[PDB]
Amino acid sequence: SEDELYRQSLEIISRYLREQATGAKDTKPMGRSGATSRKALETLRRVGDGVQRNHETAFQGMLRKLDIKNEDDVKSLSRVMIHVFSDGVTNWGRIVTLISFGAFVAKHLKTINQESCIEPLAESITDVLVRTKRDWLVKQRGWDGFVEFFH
């Protein structure tokens, strides 16, 4: 509960996936360090949308292989993301890739009428990110470092 990095990471990732899936912006205010969270979500819309467009075939290929139909499938994706994401090197390129693939899957979840799985997917991505890359994120100045890196 006393973990600002986790709270802010979940807020950003949750909002991006939800707005990617529904096409609607969330109007609830951002709690603590609102400006940073706003700018981060703003950066994701530019860079994340970019990754999904530029790498559509690779994302569609991966989604087809994973065959997501339900909550059990979304649960097993987290195991995949740990192996895939956590075993490789650490940088904002791969972090945006992970979150962008998150958003790609979220749109699929809306397509197949499994919207209830989007919040659990966002929490699973947040947990992989902040659990496996804590020390890297803190050293990089967290979401302020993310905003500055993609300016």
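Throughout, we count residues from 1 along the sequence that is shown. Here the rigid core means the biggest group of C-alpha atoms that line up within 1.5 Å when the two forms are laid on top of each other.
Each structure in 8 other deposited structures of this protein is fitted to the shown form on the rigid core, and of 80 to 88 and 109 to 117 the C-alphas lie farther away on average for 80 to 88. Superposition on the core shows that, in 8 other deposited structures of this protein, the C-alpha atoms drift more in one of 66 to 74 and 44 to 52; this is 66 to 74. With 96 to 104 and 117 to 125 compared on mean CA B-factor from the PDB entry, the stretch scoring higher is 117 to 125. For the pair 105 to 113 and 25 to 33, the record assigns the higher mean C-alpha temperature factor to 25 to 33. In the deposited coordinates, the residue among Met62, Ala40, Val84, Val47 with the greatest CA B-factor is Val84.
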